[PDB]
Protein chains: 2
Amino acid sequence: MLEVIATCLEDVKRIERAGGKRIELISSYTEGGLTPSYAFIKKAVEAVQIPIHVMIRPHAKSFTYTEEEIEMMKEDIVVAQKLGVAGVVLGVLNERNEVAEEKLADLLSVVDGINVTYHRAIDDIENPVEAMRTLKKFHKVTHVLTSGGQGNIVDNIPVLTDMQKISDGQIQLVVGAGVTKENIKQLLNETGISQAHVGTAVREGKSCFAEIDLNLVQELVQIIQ
Amino acid sequence: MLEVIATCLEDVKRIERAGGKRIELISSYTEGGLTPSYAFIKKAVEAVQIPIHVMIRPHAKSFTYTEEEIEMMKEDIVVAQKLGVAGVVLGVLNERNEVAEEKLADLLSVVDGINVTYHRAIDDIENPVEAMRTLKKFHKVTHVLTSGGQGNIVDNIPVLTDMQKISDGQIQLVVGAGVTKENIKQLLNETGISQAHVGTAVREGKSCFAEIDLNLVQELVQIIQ
Ligand SMILES: [Ca+2]
Ligand SMILES: [Ca+2]
Ligand SMILES: [Ca+2]
């Protein structure tokens, strides 16, 4: 499965057109992806037939959200669901840089039968493996987006392996960050992970302010095949 | 008047606590500010008794929007209005790099009761004094956020002055980006503009991922006034 970040309506459409199979709908690539506005979610869902997973992330300053921010995210999840999203992308850490387990429960309390991707917050956790361990606790989590820790994703091929083992098919894993032409198959097959997440690698000049090049998107899709 | 950027709820709260009397509500300071999520709009407006001006800006690739993006922005205006913002912050250009008047009109066609700030799209126009005469043809446009075109703001101070003259009390100008404590007095005095817009100037550490410094805001109040 090739999942591609979309920051604008034209992204969304070219994603589907070139053969991407899932969209991560964001505002602001520069800040790592934040919750997009009402009308963007609304229209993005209406534009294509491929799944839309919307980012639920109110700012990029940390993953330790106030209780007022947790409620804000719950209310964005509810409206997203109403708007037809295929899932939401989120992740909250406690002060230990580990999974905030009660805050996650509260977030998921409003979820009802869409996917849930715990995102690259999990990479800040001291042990993603133990992070993956604690994640498998929550039934509503269907996916996890990850690069297997910090530094670049190549070195982290073994962690990705272990949590794919750890997940034991429970949670669907998605490699994200530093994903390219060259490493994608190298990344997918060495770890056993079957879903990839890209952004710039398929933008013109690999720029998030550029448009989607339908060339670059299909090149990875076929590599995935 | 000090207008202060908020990117999170605590910014919202702190600007009010610091005596700021308006908020520009955005996500992603990095990309100049984009339309925030449904719940951030609703919770910000609820949280404080000072008016909110919310960004209506789908991305930062351009200020030339597709017709569908116009319609997106229309729907976000209707949404934000129902959530009780005090004003919307929007700007649209055409091929000539002049005010996209049919597109602008379309956007304004759902504005009902609230302010409209035409923003720093105007800085990308070659003689922004021209644009003011045009905007005056649109009675709903209440404010203008500008930095005197490109280049240094106090070095743009003559062009800011040019712009202030045609306002005829029709359009409230707000001095923009580049504002500091060292240069804010000069900028209002010379121009006669009575409103200002500040961002990283009032964050502890001069960063947009940092919290707001109440003293730097209070101070900014205490200098302008
Ligand atoms: Ca759809
Ligand atoms: Ca209020
Ligand atoms: Ca239209």
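So you know, we letter chains A, B, ... as the sequences are listed, proteins then strands, and number each from 1.
- Ionic pairing of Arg203(B) and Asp11(B) is present here: one or more N-O contacts between side-chain nitrogen and carboxylate oxygen are shorter than 4.0 angstrom.
- Note that CD of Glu31(A) and OG1 of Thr30(B) are 3.0 Å apart. Values are rounded to the nearest 0.5 Å.
- For the atom pair CG (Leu135(B)) and CD (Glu101(B)), the distance works out to 8.5 Å, reported to the nearest 0.5 Å.
- No side-chain donor-acceptor contact under 3.5 Å links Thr180(A) and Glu182(A).
- For the pair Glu24(A) (side chain) and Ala6(A) (backbone), a donor-acceptor distance under 3.5 Å is absent.
- Using a 4.5 Å heavy-atom threshold, the side chains of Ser27(B) and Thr35(A) count as separate.
- The ring of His143(B) has its center no closer than 6.0 angstrom to the ring center of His119(B).
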Under 3.5 Å, which donor-acceptor pairs do the side chains of residues 192-200 of chain A form with other protein atoms, sequence neighbours left out?
{"residue": "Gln195(A)", "atom": "OE1", "partner": "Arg22(A)", "partner atom": "NH1", "Å": "3.2"}
{"residue": "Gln195(A)", "atom": "OE1", "partner": "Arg22(A)", "partner atom": "NH2", "Å": "2.7"}
{"residue": "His197(A)", "atom": "ND1", "partner": "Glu3(A)", "partner atom": "OE2", "Å": "2.9"}

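- With hydrogens and angles disregarded, no donor-acceptor distance shorter than 3.5 Å links the side chain of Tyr38(B) to the backbone of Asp76(B).
- For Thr64(B) (side chain) and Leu93(B) (main-chain N/O), no donor-acceptor pair under 3.5 Å exists by modelled atom type.
- Within the 4.5 Å cutoff, no side-chain heavy atoms of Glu10(A) are placed close to those of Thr66(B).
- Atom CG of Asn115(B) sits about 4.0 Å away from atom OG1 of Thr142(B), to the nearest 0.5 Å.
- Listed for the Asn152(A) side chain is no donor-acceptor partner under 3.5 Å among the backbone atoms of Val154(A).
- Between atom CG of residue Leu188(A) and atom CD1 of residue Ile223(A) there is a gap of 9.5 Å, rounded to the nearest 0.5 Å.
- Between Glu211(B) and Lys61(A) a salt bridge is recorded (basic side-chain N to carboxylate O distance below 4.0 Å).
- For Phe209(A), the ring-ring contact (aromatic ring centres under 6.0 Å, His included) criterion is met by no residue, not counting sequence neighbours.
- Between the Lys181(A) side chain and the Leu220(A) main chain, no donor and acceptor come within less than 3.5 Å of each other.
- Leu187(B) has its side chain out of reach of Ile184(B): every pair of non-hydrogen atoms, C-beta onward, lies at least 4.5 Å apart.
- Counting heavy atoms from C-beta outward, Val175(B) and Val179(B) have side chains that approach closer than 4.5 Å.
- We find that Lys43(B) and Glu68(A) are not joined by a salt bridge, their nearest charged nitrogen and carboxylate oxygen being 4.0 Å or further apart.
- Heavy atoms from other residues, nucleotides or ligands lying under 6.0 Å from CD of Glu126(A) number 12 at most.
- A salt bridge is defined here as a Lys NZ or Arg NE, NH1 or NH2 lying under 4.0 Å from an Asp or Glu carboxylate O, and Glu69(A) with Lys103(A) fails to meet this definition.
- Taking CG of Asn156(B) as the start and CG of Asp162(B) as the end, the distance is 11.5 Å to the nearest 0.5 Å.
- Distance alone, capped at 3.5 Å, places no donor-acceptor pair between the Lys21(A) side chain and the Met1(A) backbone.
- Ion pairing between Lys74(B) and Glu71(B) holds under the 4.0 Å rule for side-chain N and carboxylate O.
- Using a 4.5 Å heavy-atom cutoff, the side chains of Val144(B) and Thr117(B) are not in contact.
- A salt bridge is absent between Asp123(B) and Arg120(B): the closest approach of a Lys/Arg side-chain nitrogen to an acidic carboxylate oxygen does not fall below 4.0 angstrom.
- Between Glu98(A) and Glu130(A) the shortest side-chain heavy-atom distance does not fall below 4.5 Å.
- No side-chain heavy atom of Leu25(B) sits less than 4.5 Å from a side-chain heavy atom of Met55(B).
- Under the 3.5 Å distance criterion, the side-chain polar atoms of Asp124(A) are left unmatched by any main-chain donor or acceptor of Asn97(A).
- A heavy-atom distance below 4.5 Å is not found between the side chains of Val202(A) and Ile15(A).
- Here the straight-line distance linking atom OH of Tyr65(A) with atom CG of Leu107(A) works out to 9.0 Å at 0.5 Å rounding.
- When atom types are taken as modelled, the side chain of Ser109(B) and the backbone of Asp106(B) share a donor-acceptor pair closer than 3.5 angstrom.
- Not one N or O on the side chain of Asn189(A) forms a donor-acceptor pair closer than 3.5 Å with the backbone of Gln186(A).
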